[PDB]
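I have placed the structure first, in the form of structure tokens, so that the comments after it can refer back to it.
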Amino acid sequence: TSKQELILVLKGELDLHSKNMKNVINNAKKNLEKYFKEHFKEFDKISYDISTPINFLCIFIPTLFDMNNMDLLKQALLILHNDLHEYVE
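The numbering of the sequence shown is the working numbering, which starts it at 1 and goes up by one.
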């Protein structure tokens, strides 16, 4: 029903394992359970993908939307932002 995507952006100064993908799995997962552990049972799924190693990241968070009130992207927008904000590399 509802579809959302977060245009991530990293750097090409890496040549061994990308923390980007690991950042989504750590968040998309931690966030998911966060709703299941805090709210017991919610309604929202998260996914991600890589758009060329020398271009940009393509995040695709699939959510039905209904009882979220736009309070789940706070972590997604922060994780990606902080990633390209300071460095965290």
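C-beta: ideal position from N, C-alpha, C; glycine also.
- The DSSP-derived three-state label of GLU13 is coil.
- By the 16-neighbour rule on beta-carbons within 10 angstroms, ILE61 is buried.
- Around the beta carbon of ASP15, fewer than 16 other beta carbons lie within 10 angstroms, which makes this residue exposed.
- In the DSSP assignment, no residue is bridged to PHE36.
- According to the DSSP assignment, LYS3 belongs to the beta strand (DSSP E) that extends over 2–8.
- CA-CA distance, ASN68 to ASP44, rounds to 8 Å.
- In the three-state reduction of the DSSP assignment, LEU57 falls in the strand class.
- Contact between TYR48 and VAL24 holds: their C-beta atoms lie close to 4 Å from each other, under 8 Å.
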